[PDB]
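Below, each chain spelled out in residue letters.
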Amino acid sequence: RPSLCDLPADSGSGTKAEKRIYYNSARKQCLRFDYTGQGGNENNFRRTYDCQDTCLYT
């Protein structure tokens, strides 16, 4: 798996309230989180499809 898949969920440094998906390595699932729109990390996907393609099905 890419190393970004092991990064923690990170809501970022902004004040927006946006739906994103993160890979939860311990659960082997792409899960929902709230993102503030800036200052996150790479474990941050708009679609479940992209998180699964990148992190689950490697």
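Residues numbered from 1 in each chain as written, not as in the entry; some residues may be left out. Heavy atoms only, no water.

Method-wise, the PDB entry is recorded as coming from X-ray crystallography, at a reported resolution of 1.30 Å.

The name given to the protein chain in the PDB entry is Kunitz-type conkunitzin-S1, with Conus striatus as the source organism. The record lists its title as "Pore-modulating toxins exploit inherent slow inactivation to block K+ channels". Per UniProt, the protein chain carries the Subcellular location text "Secreted". (UniProt positions renumbered as here; feature names shortened; annotations may be inferred.)

### What about unusual backbone geometry?
With a phi angle near 55°, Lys28 is a residue other than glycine that sits in the positive phi range. Given a relative accessible area of 54%, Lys28 falls into the exposed group. (Buried < 20%, exposed > 50% of the residue type's maximum accessible area, 1.4 Å probe, protein only.)

### Topic: the nonpolar core
With eight residues, the main nonpolar core is built from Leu4, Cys5, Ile21, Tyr23, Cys30, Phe45, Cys51 and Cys55. Going through the elements one at a time, β1 (18-24) and α1 (48-56) are the ones with two or more residues in this core. Contacts of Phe45, omitting those with residues within four sequence positions, involve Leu4, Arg20, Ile21, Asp50, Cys51, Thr54 and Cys55. (Core = buried A, V, L, I, M, F, W, Y, C linked by side-chain atoms within 4.5 Å. Helix = DSSP H or I, 4+ residues; strand = E, 2+ residues; numbered from the N terminus. Contact = heavy atoms within 4.5 Å.)

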